[PDB]
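Peer 1: Protein chains in written order, with the working numbering: chain D, 5 to 162; chain E, 2 to 208; chain Z, 6 to 218. If you scroll down you'll find the structure; I have some questions about it.
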Amino acid sequence: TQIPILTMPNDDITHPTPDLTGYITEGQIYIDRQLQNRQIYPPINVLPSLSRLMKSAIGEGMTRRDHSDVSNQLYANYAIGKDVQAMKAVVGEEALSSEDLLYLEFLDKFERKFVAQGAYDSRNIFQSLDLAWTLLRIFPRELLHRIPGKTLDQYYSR
Amino acid sequence: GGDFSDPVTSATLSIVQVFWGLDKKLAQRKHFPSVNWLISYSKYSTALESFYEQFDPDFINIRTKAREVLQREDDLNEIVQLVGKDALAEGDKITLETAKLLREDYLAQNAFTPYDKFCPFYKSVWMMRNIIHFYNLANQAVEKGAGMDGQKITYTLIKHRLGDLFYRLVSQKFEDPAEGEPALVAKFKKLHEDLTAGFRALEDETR
Amino acid sequence: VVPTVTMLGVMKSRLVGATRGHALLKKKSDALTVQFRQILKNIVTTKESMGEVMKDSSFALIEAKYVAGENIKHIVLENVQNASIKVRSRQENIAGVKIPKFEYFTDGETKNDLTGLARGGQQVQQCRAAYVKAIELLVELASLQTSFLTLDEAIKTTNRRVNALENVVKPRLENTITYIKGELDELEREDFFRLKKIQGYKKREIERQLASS
Numbered sequence: 005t006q007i008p009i010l011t012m013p014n015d016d017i018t019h020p021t022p023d024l025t026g027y028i029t030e031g032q033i034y035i036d037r038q039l040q041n042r043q044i045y046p047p048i049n050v051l052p053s054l055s056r057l058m059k060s061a062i063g064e065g066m067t068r069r070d071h072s073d074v075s076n077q078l079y080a081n082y083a084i085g086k087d088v089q090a091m092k093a094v095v096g097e098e099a100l101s102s103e104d105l106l107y108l109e110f111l112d113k114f115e116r117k118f119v120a121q122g123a124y125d126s127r128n129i130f131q132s133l134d135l136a137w138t139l140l141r142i143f144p145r146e147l148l149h150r151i152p153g154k155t156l157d158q159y160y161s162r
Numbered sequence: 002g003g004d005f006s007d008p009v010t011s012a013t014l015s016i017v018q019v020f021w022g023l024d025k026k027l028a029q030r031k032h033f034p035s036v037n038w039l040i041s042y043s044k045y046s047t048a049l050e051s052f053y054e055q056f057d058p059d060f061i062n063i064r065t066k067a068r069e070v071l072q073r074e075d076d077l078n079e080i081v082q083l084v085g086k087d088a089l090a091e092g093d094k095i096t097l098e099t100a101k102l103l104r105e106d107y108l109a110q111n112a113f114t115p116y117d118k119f120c121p122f123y124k125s126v127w128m129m130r131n132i133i134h135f136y137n138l139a140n141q142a143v144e145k146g147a148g149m150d151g152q153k154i155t156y157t158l159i160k161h162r163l164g165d166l167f168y169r170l171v172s173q174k175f176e177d178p179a180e181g182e183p184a185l186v187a188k189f190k191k192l193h194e195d196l197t198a199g200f201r202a203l204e205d206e207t208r
Numbered sequence: 006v007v008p009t010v011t012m013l014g015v016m017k018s019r020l021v022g023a024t025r026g027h028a029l030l031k032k033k034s035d036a037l038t039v040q041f042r043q044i045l046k047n048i049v050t051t052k053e054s055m056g057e058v059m060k061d062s063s064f065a066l067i068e069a070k071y072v073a074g075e076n077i078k079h080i081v082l083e084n085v086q087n088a089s090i091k092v093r094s095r096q097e098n099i100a101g102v103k104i105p106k107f108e109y110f111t112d113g114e115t116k117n118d119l120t121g122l123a124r125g126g127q128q129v130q131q132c133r134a135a136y137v138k139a140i141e142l143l144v145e146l147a148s149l150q151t152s153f154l155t156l157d158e159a160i161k162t163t164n165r166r167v168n169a170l171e172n173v174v175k176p177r178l179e180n181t182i183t184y185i186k187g188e189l190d191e192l193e194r195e196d197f198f199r200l201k202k203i204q205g206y207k208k209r210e211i212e213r214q215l216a217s218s
């Protein structure tokens, strides 16, 4: 397995080397400058982050079955949370409904717990899935649209 | 003024661990230190952990809070430029107040005056602690928001009712370091105690 | 506009910020339009109540004429058992825009009543109800006017952004890229090739001289 740490000049991928290595390789995990500025030790940019072969890695025998489902659900919910943060900025946060506040607090808890990890703290992938699930319990069962049926009740019960 | 992608600049930032990137806009703004607090960075932070702990354990968290406040101000500056300050909430209001307080009192050092010529670490840490403490107290006050009042009303109240503390936070810069460290520490401790008294009586009055 | 990469980066950042701001303004405009539509529905309901309100009110006057005949007239003027003219209105910020909550008589503070006349009850049931309707009518009218003005301003800003800001910045970025590449890279490569040719034929001349000697 090859994991090059390629510095992107001028803080962009438009530079010849980042573009070339992106063309050659099959993934792109990102380090967001804002997260480091906001002082989150893992500055991983989850929204720009992507792996082409994510489906192959996740399975029943290796990893848990709900792994891909919670991955997609967290990604979509984080995008929604960013959108709702923008909405709260523009409207004054009074016009927001209950679900908007749910997405806001979900984003806040995500950045507080999941994104930030101890430099020496180690989490097994099972533990990481448990943490993501604990983040997920705050949403209602119906709200997790991306999560397949009979898998939501499998874990959302807690 | 030139692009920071210049080959000399790119080569330097590859090996150098601390970049004190000055800002042309700050220089035109006559902000004498002119150090940009966004592009600049010091990779040596992890090493100085023991030093900061032995000096003042609380300094790390207050520094992180100040960085977060600055980042939030810089982020929402675009929003307020576009949308306008009307939608700004009480938390946004206190955030902007603290950001302006930093930009004026803290990051600005004239250095042409005896009080600003040299700033010892003990005075710098106390000023940052005072600013962060005021920010925390304002956050708690606007968060309480009870008794048919509070939140933005509490923010305006503490702006007017507690205006003296806010004004003398700026004068805390003018405190002369030459007077001696024990005296300055005592004065700053008294200011911190008064700030704690603030937002506590304001807590007692319940707006 | 210097074709230097600094200007290219500045223009790219400006375009990205413009796109984000356009998205935010579109969301805000949509929310304001939804609120304005709700206010318009409420105002339509109040207008439907209007006219029938006056039809009900005329019955109070007929009852007064039947029972007490001519009114007191002059300062007294009779015909009133309730709904003293005292109100309480306040501007409230909704969706980032202050909206005056114009609560008029029969729904405003300090309203007073003085027993009932011969048709004072009919007046209260007819004229005072009209005041209650008019309170909501005024509040809804003010809110709708403010919301319409704000939505028009926001829609104009968003349309102006989409039609001018991006539509001018994108050509600026394209021109900067075209100039930078097709001038700097092309001419630098040509200079390097010319220098290489110079060295090559210098070596050729050296070889020719060596062969001669």
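C-beta atoms are modelled at their ideal positions from N, C-alpha and C, and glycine is treated no differently.
Any beta carbon from chain D within less than 8 Å of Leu39 (chain E)'s own beta carbon?
Peer 2: Judged by the 8 Å Cβ criterion, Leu39 (chain E) is in contact with chain D.
Peer 1: Below 8 Å between beta carbons is the criterion; list the residues of the segment 30–55 of chain Z that meet it against any residue of chain D, in chain order.
Peer 2: Per Cβ criterion, the list reads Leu30, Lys32, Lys33, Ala36, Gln40.
Peer 1: Under 7 Å Cβ-Cβ, which residues of chain Z neighbour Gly146 (chain E)?
Peer 2: Per Cβ cutoff of 7 Å: no residues; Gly146 (chain E) is ~16 Å from chain Z at best.
Peer 1: Check whether the segment 8–23 of chain Z and the segment 161–180 of chain Z are in contact - that is, three or more C-beta pairs closer than 8 Å.
Peer 2: Judged by Cβ distances under 8 Å, the segment 8–23 of chain Z makes contact with the segment 161–180 of chain Z, as three or more pairs qualify.
Peer 1: By the DSSP assignment, the alpha helix (DSSP H) with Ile104 (chain Z) in it spans what residues?
Peer 2: First-last for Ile104 (chain Z): 102–108, but that is the beta strand (DSSP E), not the alpha helix (DSSP H).
Peer 1: Assuming contact is defined by CB atoms lying nearer than 8 Å, are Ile28 (chain D) and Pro47 (chain D) in contact in what I supplied?
Peer 2: No, the pair does not count as a contact, with Cβ atoms beyond the cut-off.
Peer 1: Looking only at C-alpha atoms, which of E:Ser51, E:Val81, E:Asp59, E:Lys124 sits nearest to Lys188 (chain E)?
Peer 2: Residue E:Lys124 is the option with its Cα nearest to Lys188 (chain E).
Peer 1: Any Cβ of chain E within less than 8 Å of the Cβ of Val173 (chain Z)?
Peer 2: No, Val173 (chain Z) does not count as interfacial toward chain E.
Peer 1: Below 9 Å on C-beta distance, what does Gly101 (chain Z) contact in chain D?
Peer 2: Result: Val94, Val95, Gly96, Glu98, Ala99.
Peer 1: How long is the line joining the alpha carbons of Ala184 (chain E) and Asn78 (chain E), rounded to whole angstroms?
Peer 2: If you take the alpha carbons of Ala184 (chain E) and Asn78 (chain E), they lie about 38 Å apart.
Peer 1: Can you tell me which residues form a DSSP beta bridge with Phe20 (chain E)?
Peer 2: Partner(s): E:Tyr42.
Peer 1: Using the Cα positions of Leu166 (chain E) and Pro8 (chain E), report the straight-line distance between them to the nearest angstrom.
Peer 2: So the two alpha carbons sit approximately 49 Å from each other.
Peer 1: Which of the three DSSP states, helix, strand or coil, is assigned to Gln32 (chain D)?
Peer 2: In the structure shown, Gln32 (chain D) sits in a strand (DSSP, three-state: E or B).
Peer 1: Rounded to a whole number of angstroms, what is the C-alpha to C-alpha distance between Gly63 (chain D) and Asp73 (chain D)?
Peer 2: Near 11 Å, if we compare the C-alpha coordinates of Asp73 (chain D) and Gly63 (chain D).
Peer 1: Return the chain-ordered ranges of every alpha helix (DSSP H) run that is complete within the segment 110–159 of chain E and spans a minimum of 4 residues.
Peer 2: List check, alpha helix (DSSP H) in window: 115–118, 122–145.
Peer 1: Kindly indicate which three-state DSSP category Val50 (chain D) falls into: helix, strand or coil?
Peer 2: It is coil, neither helix nor strand.
Peer 1: In the DSSP assignment, the beta strand (DSSP E) including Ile99 (chain Z) goes from what residue to what residue?
Peer 2: Counting along the chain, the beta strand (DSSP E) containing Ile99 (chain Z) begins and ends at 93–99.
Peer 1: Going by the beta-carbon positions, is the gap between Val10 (chain Z) and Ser6 (chain E) smaller than 8 Å?
Peer 2: Their beta carbons are under 8 Å apart, which means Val10 (chain Z) touches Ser6 (chain E) by this criterion.
Peer 1: Counting Cβ pairs, one atom from each stretch, are 3 or more of them under 8 Å apart for the segment 126–140 of chain D and the segment 64–81 of chain Z?
Peer 2: Contact between the segment 126–140 of chain D and the segment 64–81 of chain Z is absent, because fewer than three Cβ pairs lie under 8 Å.
Peer 1: With distances taken between CB atoms, is the gap from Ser41 (chain E) to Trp21 (chain E) smaller than 8 Å?
Peer 2: Yes, these two residues count as a Cβ contact at 8 Å.
Peer 1: For chain Z, check one thing: does any of its Cβ atoms lie closer than 8 Å to the Cβ of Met91 (chain D)?
Peer 2: It does: the Cβ of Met91 (chain D) has a partner Cβ on chain Z nearer than 8 Å.
Peer 1: Listed in chain order, which residues of the segment 40–69 of chain D have Cβ atoms closer than 9 Å to some Cβ of chain E?
Peer 2: Under the 9 Å Cβ criterion, the segment 40–69 of chain D contributes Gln40, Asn41, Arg42, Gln43.
Peer 1: Chain E partners of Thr11 (chain Z), CB-CB under 7 Å?
Peer 2: Under the 7 Å cutoff, chain E gives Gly3, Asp4.
Peer 1: In the DSSP output, what is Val36 (chain E) paired with across the bridge?
Peer 2: According to DSSP, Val36 (chain E) bridges with E:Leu23.
Peer 1: Quick one: using the 10 Å Cβ neighbour count with 16 as the cut-off for buried, is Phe200 (chain E) buried or exposed?
Peer 2: Buried.
Peer 1: Go to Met58 (chain D), then tell me how far its alpha helix (DSSP H) extends in each direction, as first and last residue.
Peer 2: Segment 58–61, the alpha helix (DSSP H) holding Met58 (chain D).
Peer 1: Going by Cα to Cα distance, which pick from D:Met58, D:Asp16, D:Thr5, D:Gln77 is closest to residue 179 (chain D)?
Peer 2: Look at the range of chain D in this structure, 5 to 162, and you will see that residue 179 (chain D) is not part of it.
Peer 1: For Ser126 (chain D), which three-state DSSP category applies?
Peer 2: Coil, per DSSP.
Peer 1: Going residue by residue through the segment 168–212 of chain Z, where are the continuous alpha helix (DSSP H) segments of at least 4 residues, counting only ones entirely within it?
Peer 2: Runs of the alpha helix (DSSP H) inside the segment 168–212 of chain Z: 171–184.
Peer 1: How would you list, in chain order, the residues of chain D whose beta-carbon sits under 7 Å from the beta-carbon of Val126 (chain E)?
Peer 2: Per Cβ cutoff of 7 Å: no residues; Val126 (chain E) is ~18 Å from chain D at best.
Peer 1: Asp196 (chain Z) to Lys186 (chain Z), Cα distance in whole Å?
Peer 2: If you take the alpha carbons of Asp196 (chain Z) and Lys186 (chain Z), they lie about 15 Å apart.
Peer 1: In the segment 10–33 of chain D, which residues sit with their C-beta less than 8 Å from some C-beta in chain E, listed in chain order?
Peer 2: Per Cβ criterion, the list reads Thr11, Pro13, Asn14.
Peer 1: Report the residues of the segment 69–94 of chain E with a CB closer than 7 Å to any CB of chain D, ordered along the chain.
Peer 2: For the segment 69–94 of chain E, which is checked against every Cβ of chain D, the residues closer than 7 Å are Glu69, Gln72, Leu77, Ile80, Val84, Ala88, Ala90.
Peer 1: At a Cβ cut of 9 Å, what residues of the segment 97–122 of chain Z count as close to chain D, listed as they run along the chain?
Peer 2: Result list: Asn98, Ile99, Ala100, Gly101.
Peer 1: In the DSSP assignment, what residue or residues form a beta bridge with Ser34 (chain Z)?
Peer 2: BP columns for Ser34 (chain Z) are empty, so no partner.
Peer 1: Would you say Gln6 (chain D) faces chain E, with C-beta separation under 8 Å as the test?
Peer 2: It does not: the Cβ of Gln6 (chain D) has no partner Cβ on chain E nearer than 8 Å.
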